[PDB]
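> Residue numbers (full-length UniProt numbering): 30 to 642. Mind having a look at this structure? Questions to follow.
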Amino acid sequence: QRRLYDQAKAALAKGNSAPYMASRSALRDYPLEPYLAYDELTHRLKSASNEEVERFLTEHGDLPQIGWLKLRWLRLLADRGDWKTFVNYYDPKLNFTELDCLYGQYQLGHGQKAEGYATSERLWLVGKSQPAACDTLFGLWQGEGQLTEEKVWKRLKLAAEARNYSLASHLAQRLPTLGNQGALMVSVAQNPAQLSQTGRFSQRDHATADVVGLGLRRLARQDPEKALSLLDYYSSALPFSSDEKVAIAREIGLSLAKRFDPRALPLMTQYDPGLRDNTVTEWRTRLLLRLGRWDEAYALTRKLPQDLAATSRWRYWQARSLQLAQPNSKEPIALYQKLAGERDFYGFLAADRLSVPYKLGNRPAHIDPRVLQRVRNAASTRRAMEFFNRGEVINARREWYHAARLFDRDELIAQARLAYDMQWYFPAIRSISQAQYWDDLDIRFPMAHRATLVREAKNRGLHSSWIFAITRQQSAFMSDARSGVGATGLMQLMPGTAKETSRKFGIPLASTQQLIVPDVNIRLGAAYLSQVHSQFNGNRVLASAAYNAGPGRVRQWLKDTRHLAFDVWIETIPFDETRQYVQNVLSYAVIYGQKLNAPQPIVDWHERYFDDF
């Protein structure tokens, strides 16, 4: 039959187990029955026996919420001093700092001193505030005389780095000999430009060097030119260790290179000649490409480490820099011919340089029926299926993620294909990605919200494929998505932008929370897109970047240009997030172009060169 288990849930959920105790024998085969049992045990967890709880963990360890039960339970096992049990069930994989600090207490109180010190030190050297259970441990660690001044100093430095200045100041009051430099470190961390007063920061010890070194690295991100001047002076004045200088030189050079200041070049060259830091090497190469120094850029691409030379990026720029440096040479055609085979942004470029068609290569994955069956029959799967039919998107989704956290590659692809056949596109995308089966382009790029997406594209004179690419890149079709700072829905609209586009384009919006509705999200997403499309004379490359990073940043990154090529511009975008985003949207728009039978080249003719000139 089918189960009225909401009676048992509603009574449990704030209340009594009587309807659950009545109904359980009916519910034995019902897959969500272990959510009620969980809740029922959790309410009376304090009075429950070890043996009942242990038995529950053995029978339902697969449940997504089992970690919370272990956190709640292991607290009690420590307050009771029942450490024999605690250590049988303590799991560092749960990533609960409370349980790690309690395990630290255990280690110290049961002969594992060295191990307990290491545990304490690892939980201490963290620039944020830790749980109340860790003050207990930190006290015992201190009380065995391990909390030296060097260890408190090192945490202060990490807390100034984290910008947790209440913590950083608290730690400054706990330095006996070094309280002067500690207060200096909190002052410098908050305003690093104070390092202009070189007389005030010339006391020649290793503690002052730490405070100045932090200051210069933070100063580099806002004002690299001031830090450059001050580096010269401070490296004579103070006892910076060898690696403390290269860390400072790194931040200054990286910051200067993203402003396209060539004074980054000699600094980067001197402080990392071995090309140890990949980021320094990439930006050293990116800067040369921006300055039009292709001979140098090519030279550099030969010298790269294995893991950078491996990638399609630097295979492409090796060929392309050589093509720019030596227009008559025939090495570039051989190098592009490896790469045009790849279904990739840089593979699409290499193809486009040869003037040959892109190789998408939609090869769907070969699945064993026994593996598909095993995955479909699995309890975690059957529970998720049930949540989806009931109309709990989020519960079903959670079951899916947590199950896949320990499924092998075959099992993951099976999980992908089952979710695709339910027209549940984001989990299918997600599952196939953790498998890293890239060639199944049916599952990876579905036509999710086709009718709506094509309609709103035609309204604003934008290509269908470009909007499909954006929403695929921004949400992967998860219609209730939410970023770190609250960009919402299929096209990741910002509350401020959403509200502004609602008033301007006459599209009705109820709430910030109404951005979950696909038609609402697509309407005033495609509106903003056409607004920035128009702002940059219909240049998808620029317009794309403007969408993700804000038109004023794109204008910034176009400053003082003249006949700048599109591939160079994309490569030298200062933000890592925005650069990948642009490379993805253009690539996805190629793929969606084929799938809409409206072929899209990687870039249009009028997008290939641009300036603010």
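By construction, the Cβ of each residue, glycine as well, lies at the ideal position given by its N, Cα and C atoms.
1. Which residues share a DSSP beta bridge with residue 594?
2. Hey, quick one: how far does the alpha helix (DSSP H) through residue 199 stretch, first residue to last?
3. To which residues of the same chain is residue 636 closer than 7 Å at the C-beta, ignoring the five residues directly before and after it?
4. Can you tell me the Cβ-Cβ gap for residue 52 and residue 66, rounded? I've got them flagged as a contact below 8 Å.
5. Per DSSP, what kind of secondary structure is residue 87 in: helix, strand or coil?
6. Could you tell me which residues DSSP pairs with residue 517 in its beta bridges?
7. Does residue 557 pass the burial test, meaning 16 or more other C-beta atoms within 10 Å, or should it be called exposed?
8. Would you say residue 526 reaches chain D, if we count a Cβ-Cβ gap shorter than 7 Å as a contact?
9. Less than 7 Å between C-beta atoms, sequence neighbours within five positions excluded: which residues of the same chain meet that for residue 604?
10. Report yes if the C-beta distance between residue 188 and residue 156 is below 7 Å; otherwise report no.
11. Specify, as a first and last residue, the run of the alpha helix (DSSP H) that residue 124 falls within.
12. Please give the ranges of any alpha helix (DSSP H) in the region 413 to 482, keeping only runs that are unbroken, at least 4 residues long and fully inside the region.
13. Does the region 319 to 330 come into contact with the region 360 to 375, if we say contact requires no fewer than three beta-carbon pairs (one atom in each stretch) closer than 8 Å?
14. When DSSP labels each residue in this structure, what does residue 102 get in the three-state scheme?
15. Given 8 Å as the limit, is there contact between the region 559 to 567 and the region 576 to 592, that is, 3 or more CB pairs closer than that?
16. To which residues of the same chain is residue 304 closer than 8 Å at the C-beta, ignoring the five residues directly before and after it?
17. When the Cα atoms are used, what is the spatial distance from residue 341 to residue 598?
18. If you pair each beta-carbon of the region 507 to 522 with each one of the region 534 to 552, do three or more pairs fall below 8 Å?
19. Quick one: is residue 262 buried, meaning 16 or more other Cβ sit within 10 Å of its Cβ, or exposed?
20. When you compare each of 120, 625, 274, 195 to residue 483 by their alpha carbons, which one comes out closest?
21. Could you tell me which whole alpha helix (DSSP H) segments of length 4 or greater appear in the region 236 to 287?
22. Quick one, which of 372, 337, 378 has its alpha-carbon nearest residue 349's?
23. Using 8 Å as the cut-off, can you tell me whether the region 412 to 426 makes contact with the region 367 to 382, which would need three or more C-beta pairs spanning the two stretches below that distance?
24. What residue range does the alpha helix (DSSP H) around residue 43 cover?
25. Determine the closest residue to residue 518 out of 508, 527, 526, with distance taken between C-alpha atoms.
26. Cα separation between residue 590 and residue 641?
27. Please report how far the alpha carbon of residue 220 lies from the alpha carbon of residue 158, in whole angstroms.
28. Please confirm whether residue 416 and residue 425 have their CB atoms less than 7 Å apart.
29. In three-state DSSP terms, what is residue 73?
30. What are the boundary residues of the alpha helix (DSSP H) that residue 300 is part of?
According to the structure data:
1. In DSSP, residue 594 forms a bridge with 638.
2. Element bounds for residue 199: 194 to 201.
3. Contacts found: 568, 569, 570, 595.
4. Actually they do not touch by this definition, with Cβ atoms about 12 Å apart.
5. Looking at residue 87 - three-state DSSP - the assignment turns out to be helix.
6. Residue 517 is bridged by DSSP to 511, 522.
7. Answer is buried; the Cβ neighbour count reaches 16.
8. No chain D appears in the structure shown, which is made up of a single protein chain.
9. Cβ neighbours of residue 604 beyond the five flanking positions: 578.
10. Result yes, Cβ atoms of residue 188 and residue 156 sit closer than 7 Å.
11. Secondary structure note for residue 124: it is in no alpha helix (DSSP H), with a DSSP letter that is neither H nor E.
12. Segments of the alpha helix (DSSP H) lying fully in the region 413 to 482: 422 to 433, 438 to 449, 454 to 464, 470 to 473.
13. Taking a contact to require three or more Cβ pairs closer than 8 Å, the region 319 to 330 and the region 360 to 375 do not qualify as touching.
14. Helix.
15. Yes, the region 559 to 567 touches the region 576 to 592.
16. 310, 332, 333, 334, listed in sequence order.
17. Rounded to whole angstroms, residue 341 and residue 598 show a C-alpha spacing of 17 Å.
18. Counting Cβ pairs under 8 Å, three or more are found: they touch.
19. So residue 262 counts as exposed.
20. Answer by Cα proximity: 625.
21. Entirely contained in the region 236 to 287, the alpha helix (DSSP H) runs reaching 4 residues are, in chain order, 253 to 266, 271 to 287.
22. Taking the Cα of residue 349 as reference, the smallest distance to any Cα among 372, 337, 378 is reached at 378.
23. Touching, no, given that fewer than three Cβ pairs across the two stretches are closer than 8 Å.
24. It is not in any alpha helix (DSSP H) - residue 43 carries neither H nor E in the DSSP assignment.
25. Relative to residue 518, the option among 508, 527, 526 whose CA is nearest is 508.
26. For residue 590 and residue 641, the distance between alpha carbons rounds to 6 Å.
27. Separation of residue 220 and residue 158 (C-alpha to C-alpha, rounded to the nearest whole angstrom) is 22 Å.
28. Contact: yes.
29. Reduced to three states, the DSSP call for residue 73 is coil.
30. First-last of the alpha helix (DSSP H) with residue 300: 293 to 300.
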